[PDB]
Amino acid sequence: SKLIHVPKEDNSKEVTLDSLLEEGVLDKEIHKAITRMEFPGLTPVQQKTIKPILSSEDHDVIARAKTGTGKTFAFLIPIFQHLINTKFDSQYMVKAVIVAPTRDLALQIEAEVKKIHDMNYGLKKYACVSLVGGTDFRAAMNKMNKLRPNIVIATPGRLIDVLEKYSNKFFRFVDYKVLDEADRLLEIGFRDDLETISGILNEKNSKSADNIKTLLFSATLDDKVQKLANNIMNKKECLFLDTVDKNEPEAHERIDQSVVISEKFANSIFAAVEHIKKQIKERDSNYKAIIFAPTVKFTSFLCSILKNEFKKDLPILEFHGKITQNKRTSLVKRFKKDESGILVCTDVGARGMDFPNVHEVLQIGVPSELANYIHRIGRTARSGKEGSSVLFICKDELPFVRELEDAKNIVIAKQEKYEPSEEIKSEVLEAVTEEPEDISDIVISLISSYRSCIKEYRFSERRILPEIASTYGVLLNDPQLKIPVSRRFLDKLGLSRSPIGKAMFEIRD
């Protein structure tokens, strides 16, 4: 299919809510809802996408725009307009399906639809239901039946669950599907799900297999995503609407990025603690920050340390995929409203989540994928606000920083070294209540996460894996102590003949 590039333009005419109303693109009812939100104007991605999405041209749309620049309303506004344009046709049926890679993001998008409803009660007739895992299936279906929604927001697993059973009842008249965080949804482990979803919707569509228009949105995408999305794009033309220059870095330029380089992975823990201590003092506890970590077990560990250090000064919130969904949703609601606090999380929170007025993003170690560096730091400096980010890594993780330069043109100007005092080490370690077995579990989770990104980040296996493993000895305050394991466990890892394995583990069988 024919890809049509519409690159970034400097001196193009400003599109406004009024201009779109006057032009007949937007109806008064959606104009009213968005005007009442009192935004200074429409963001660049909103100006670029609203009219093309609503065009009668037989095309799909790909849109790229930086983190926090209003991509959500860029698709929600034209979706609502479509519902108004076709309001007397198939009025009890789902016309738009929006898919997101995390449950909390799907639920946030639903909350944004409700904000549109609250600014104009006349839009409540275009109802919305979320279909996400970790919620009661029957309760959600009762809501589908009661509200007969025109908009569904979903995560892939639960959507497939519902579609296998109820595609005929609600989904035979879909006109749009949206992949939010599109590049994430087309990686391995989501791509097959999106192809399943797309196939069902196309097969069940009452008009034709190519009726559905597909919209892809992300801060991180290019021409390669069209290839990955080939099996789910129906139309003969695809419009690529880009608000970022070809060679311009995808990271938001307003973020003051820095990197703090330690000799050892574990030292990044002490560096982050001292950094947070300094920010709390200098800002007089007026501090809202998000700190990312590589694994669930390490995130939980890091939370314990930060509570011991800082619970007297700020709330510390624990956010990852093993937190119950009820608690995930409640903590997201709280951290959205709170003026201060520290959110400690995995990449479950890297993309999409909009927590207003976060001052700083912190990272201990590397993200789960290169693109998530851009999204992680993009949790700050949203909707025209300022922000800073600090990457805490060890020397053996430096090839990640080089890959950011080579692959994404991201060059972090501020770089500094860190070495922990014996005082901070004692302070942090003495409060740790985890047993050795728990510490082993935590460090092993890190070994596995780092092993999976060696190729992508061009790490030296022989250096990074022993360094990560040595965290066990650092945390137990004995640097020659290796991780005690069995022979069969070493065999499962495939390291029973490796010198790398001998450096990491002691066969205490």
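Throughout, rigid core stands for the largest set of C-alpha atoms superposing within 1.5 Å between the two forms. When you see a residue number, it is the position in the sequence shown, counting from 1.
Colleague: Superpose by the rigid core and compare 444-452 with 54-62; which one moves more, by C-alpha RMS, in 8 other deposited structures of this protein?
Modeller: Of 444-452 and 54-62, the stretch deviating more in 8 other deposited structures of this protein is 54-62.
Colleague: With respect to the recorded C-alpha B factors, which stretch has the higher mean value, 481-489 or 19-27?
Modeller: For C-alpha atoms only, the mean B-factor is higher in 481-489.
Colleague: Higher average CA B factor in the deposited record is what I'm after, so tell me if that's 195-203 or 215-223.
Modeller: Averaged over C-alpha atoms, the B-factors run higher in 215-223.
Colleague: Which of these, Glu427, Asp354, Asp180, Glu360, has its C-alpha atom at the highest B-factor, as the entry lists it?
Modeller: Largest recorded C-alpha B-factor: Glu427.
Colleague: Can you pull the Cα B-factors for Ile79, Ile323, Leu228, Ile261 from the entry and say which is highest?
Modeller: Each of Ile79, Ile323, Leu228, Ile261 was compared by C-alpha B-factor; the highest is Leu228.
Colleague: Could you tell me which third, lowest, middle or highest, the C-alpha B-factor of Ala111 occupies within its chain?
Modeller: As the PDB entry reports it, the C-alpha B-factor of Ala111 lands in the lowest third of its chain.
Colleague: Based on the entry's values, in what third of the chain does the Cα temperature factor of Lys288 lie: lowest, middle or highest?
Modeller: Answer is lowest: the recorded C-alpha B-factor places it there.
Colleague: Compared with the other modelled residues in the chain, in which third is the CA B-factor of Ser56?
Modeller: Ranked within chain, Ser56 CA B lands in the highest tercile.
Colleague: According to the PDB entry, is the CA B factor of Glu318 in the bottom, middle or top third of its chain, that is, lowest, middle or highest?
Modeller: Its C-alpha B-factor, which the entry lists for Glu318, ranks in the lowest third among residues of this chain.
Colleague: Taking only the Cα B-factors deposited for this chain, tell me whether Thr67 sits in the lowest, middle or highest third.
Modeller: According to the entry, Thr67 has a C-alpha B-factor in the chain's lowest third.
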